[PDB]
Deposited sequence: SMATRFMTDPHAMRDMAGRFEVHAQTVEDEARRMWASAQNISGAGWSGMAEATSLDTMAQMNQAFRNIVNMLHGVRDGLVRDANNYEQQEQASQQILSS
């Protein structure tokens, strides 16, 4: 399968979906932390939010990273498959 390019790209798609899903969850959690519809700052703390924002951003980058790498791997497998058939004209 790390030999099947159509599959890697598919896998990339999945991780992209995961990335979208996390971004949307992070955005809903942001709103909830802020806690709004007069509501004063009895809501979620400033330092915890920063931890969260950071954790979310890490997760999204890692997810983007796996996507990117799979896409690059597919591209790399095709480039070499193609180069191989040429050498054997």
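Quiz item: When the deposited sequence is counted from residue 1, which ranges lack any model?
Solution: 1 to 5, 43 to 46, 99 are the stretches of the deposited chain that have no C-alpha coordinates in the structure.
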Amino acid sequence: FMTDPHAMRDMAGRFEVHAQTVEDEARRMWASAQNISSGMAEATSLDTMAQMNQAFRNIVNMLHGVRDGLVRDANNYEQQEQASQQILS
From here on, numbers count along this sequence of modelled residues.
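Exercise. Pick between 76 to 84 and 16 to 24: the one whose mean CA B-factor in the entry is higher.
Key: Higher of the two, by average CA B-factor, is 76 to 84.
Practice problem: Would you tell me which stretch averages the higher CA B-factor in the PDB entry, 28 to 36 or 42 to 50? | Solution: Comparing averages over the C-alpha atoms only gives 42 to 50.
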